[PDB]
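Results of the structural survey
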Number of protein chains: 2
Amino acid sequence: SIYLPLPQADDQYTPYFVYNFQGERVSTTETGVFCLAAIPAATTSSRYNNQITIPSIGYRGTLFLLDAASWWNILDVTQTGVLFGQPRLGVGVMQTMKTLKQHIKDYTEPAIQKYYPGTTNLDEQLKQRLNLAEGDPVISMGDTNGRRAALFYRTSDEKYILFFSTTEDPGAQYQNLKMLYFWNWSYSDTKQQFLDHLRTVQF
Amino acid sequence: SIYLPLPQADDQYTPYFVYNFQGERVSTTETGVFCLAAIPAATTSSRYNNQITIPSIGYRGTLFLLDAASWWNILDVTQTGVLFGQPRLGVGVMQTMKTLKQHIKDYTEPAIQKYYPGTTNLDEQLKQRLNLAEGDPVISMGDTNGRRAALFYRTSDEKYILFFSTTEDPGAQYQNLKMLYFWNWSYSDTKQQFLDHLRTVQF
């Protein structure tokens, strides 16, 4: 019936992970073809404080490197999360986290990889907090500053987990953190390439 | 039944400008009760380069100050814009720009003011591009860095215009600009208060 508020909207078929107004598939190979917008949710387990100097996220193995940091955040974007399409498309919000379930396990999409613990170079305690299973979907992302991050789908509890570091304490209640948009980051892009490629405004 | 992509969705009644999980009214007096998320649309006329040292936005005659700047942006958020509700609500996206038309002219809402040209200190060229009418809705906003901005509803063509400055040229095709989230900024808040009050994560 109602579709607003969006978290309450009924499921709808969406043709592809990213699609245009003609219903055609838009490949996820390029940087910036989808944007994650959300009010993330945090719990007492979200904030992890320890310096990790050569952090990585592993996938099926190989990996993508992350910036060294002391503040690690495991946030849930399942309830309010939406994906905006690449700006040239004009599609705006073209998935909710619920509709995205139709495509999150589509390993054929270049953006989506299978999580691999073995090449994930993170503290033991942090891996424990992530509570992921080998093969869970993982997506390379970056914020608007080019700070690499990962979006996971934790299949065991059907939660979309946004994992990223911050330069400073986000606060015990996450009061300090002012969230940024996250955009998909191609596996072949360096940080400079990601920033150069990224568009956030339709022209 | 079909609401994605969102720009195409049929209008739906929404009870209030901001509302909770069961449709009850939420006051807009405080900072950070709503968030504008969009992929804005730009044209050649969107970008204006001139240094303005004491820029202000006037409303009914009084005003709110903006940061001194030389790069001015008049962007259209009608196509993809949505409003997320305050994080404590867990309500997520609760208006589209189309549904928002139901409430945008509700001057009883504390967040919404009537635009007044007389106390708006910007030059003729900028005012000409804004193309506003006295009394058009204006909302004081800020980005996640606490940079004050204005969201306007130009009643004449029913377009939502986001007006803000940048520190550098966004580019001829807006290629350089990486958009930030914008949150409502209470008329009684200083920049420090806006940043202190603002929450972008639910705990």
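Residues numbered from 1 in each chain as written, not as in the entry; some residues may be left out. Chains lettered and ligands numbered in written order. Heavy atoms only, no water.

Method of structure determination, per the deposited record: X-ray crystallography was used for this entry, reaching 1.4900 Å resolution.

**A short note on the interface of chain B and chain A**
The partner chain A presents 56 residues to the 57 residues of chain B that form the contact. Around 4,600 Å² of area is buried between chain B and chain A when both sides are counted, 64% of it from carbon and sulfur atoms. For the chain B face of the interface with chain A, the top three residues by lost area are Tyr3, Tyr181 and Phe203 of chain B, together amounting to 17%. Where chain B packs against chain A, one counts zero salt bridges. For the interface between chain B and chain A, the tally reads 24 residue pairs in polar contact. Secondary structure elements with two or more residues in the side of chain B that touches chain A: β1 (34-37), β6 (82-85) and β7 (93-96) of chain B. (Contact = heavy atoms within 4.5 Å. Buried area = accessible area lost by both parts, 1.4 Å probe. Salt bridge = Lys/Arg side-chain N within 4 Å of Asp/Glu carboxyl O. Polar contact = N/O pair within 3.5 Å; in protein donor to acceptor, adjacent residues only side chain to side chain. Helix = DSSP H or I, 4+ residues; strand = E, 2+ residues; numbered from the N terminus.)

**A few points about the relation of the copies chain B and chain A**
Between the two copies of the chain lies a relationship made up of a rotation around an axis and a movement along it. Aligned on chain A, chain B shows an RMSD of 0.4 Å; the corresponding rotation is 180 degrees and the shift along the axis is 0.1 Å. Taken together, the rotation and translation describe the operation of a two-fold axis. Of the C-alpha atoms belonging to chain B, the one lying closest to the rotation axis is found on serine 1 of chain B, 2.2 Å away. The share of interface residues of chain B whose copies in chain A are also at the interface is 98%, consistent with both copies meeting through the same surface. (Least-squares fit on C-alpha atoms.)

**With respect to empty space enclosed by the protein**
Each pocket or cavity is described by its volume, and for the largest cavity that value is around 40 Å³. Around the largest cavity, the lining residues are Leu36, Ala37, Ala38, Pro40, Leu162, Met179, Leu180 and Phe182 of chain A together with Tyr181 of chain B. Of the residues that constitute the lining of the largest cavity, the class distribution is nine nonpolar, no polar and no charged. (1 Å grid on protein atoms, 1.4 Å probe; cavity = no way out; pocket = protein on both sides within 12 Å on 5 of 7 lines; lining within 4 Å. Points joined across faces, edges and corners; volume = space filled by probe spheres on them. Nonpolar A, V, L, I, M, F, W, Y, C, P; charged D, E, K, R; others polar.)

**Here we look at the pattern of salt bridges**
Residues and elements named next belong to chain B. Within this structure, the stated rule accounts for 10 salt bridges over all chains. A salt bridge links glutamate 158 to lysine 101; the nearest nitrogen and oxygen atoms lie 2.8 Å apart. Taken together, the residues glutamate 158 in the loop between β10 (148-154) and β11 (159-166) and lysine 101 in the loop between α1 (97-100) and β8 (112-114) connect sequence positions 57 residues apart. Two residues, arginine 154 and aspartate 157, come together in a salt bridge whose shortest N-O distance is 3.1 Å. What makes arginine 154 buried here is its relative accessible area of 8%. Relative accessible area serves as the criterion here: at 36%, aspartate 157 is assigned to the partly exposed category. (Buried < 20%, exposed > 50% of the residue type's maximum accessible area, 1.4 Å probe, protein only.)

**Describing the pairing of strand β3 (residues 56-59) of chain A**
All names here are of chain A. The alternating pattern of β3 places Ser56 and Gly58 and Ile57 and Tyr59 on opposite faces, both of which are buried. For β3 and strand β4 (residues 62-65), the ladder comprises four bridges, and the chain directions are antiparallel. Bridge pairing in β4 links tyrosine 59 to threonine 62. (Pairing = 2+ DSSP bridges.)

**Topic: the packing of aromatic side chains**
As enumerated under the stated definition, the model contains 21 aromatic pairs over all chains in all. A centroid spacing of 4.7 Å and a plane angle of 50 degrees characterise the contact between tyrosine 153 of chain A and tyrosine 160 of chain A, whose relative ring orientation is tilted. Among the residues examined, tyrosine 153 of chain A registers a relative accessible area of 4% and is labelled buried. Centroid distance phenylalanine 17 of chain B to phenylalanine 34 of chain B: 4.8 Å. Interplanar angle 50 degrees. Geometry classified as tilted. A residue pair is termed long-range when its members are at least 10 positions apart, and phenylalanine 17 of chain B in the segment before β1 and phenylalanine 34 of chain B in strand β1 qualify at 17 residues. Residue classification places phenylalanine 17 of chain B among the buried positions, given a relative accessible area of 2%. (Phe/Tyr/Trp six-rings, centres within 6.5 Å; stacked < 30°, edge-to-face > 60°.)

**As for the environment of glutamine 86 of chain B**
All names here are of chain B. Structurally, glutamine 86 can be placed in the loop between β6 and β7. Between the C-alpha atoms of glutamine 86 and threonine 200, which are 114 residues apart in sequence, the distance is 7.9 Å. Excluding residues within four positions of it along the chain, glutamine 86 makes contact with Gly32 and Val33.

**Considerations on the state of the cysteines**
On inspection of all chains with the given rule, the structure shows zero disulfides over all chains. Here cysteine 35 of chain A is not cross-linked by a disulfide; its sulfur's nearest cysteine counterpart is in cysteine 35 of chain B, at 11 Å. (Disulfide = S-S within 2.5 Å.)

**Regarding the side chain of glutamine 12 of chain A**
Note that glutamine 12 of chain A resides in the segment before β1 (34-37). When near neighbours in sequence (up to four residues on either side) are disregarded, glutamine 12 of chain A contacts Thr99 and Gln102 of chain A together with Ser1, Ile2, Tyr3 and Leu4 of chain B.

**Focus: unusual backbone geometry**
Cis geometry is adopted by the peptide bond preceding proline 5 of chain A, which originates at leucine 4 of chain A and carries an omega value of 0 degrees. The residue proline 5 of chain A is located in the segment before β1 in this model. A positive phi is found at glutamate 158 of chain A, a non-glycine position, where the angle reads about 55 degrees. Residue classification places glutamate 158 of chain A among the partly exposed positions, given a relative accessible area of 42%. Its identity as a non-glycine residue notwithstanding, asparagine 131 of chain B has a phi of 55 degrees, on the positive side. For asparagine 131 of chain B, the position within the fold is in the loop between α2 (124-130) and β9 (137-143). Exposure remark for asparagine 131 of chain B: the relative accessible area of 47% places this residue in the partly exposed category.

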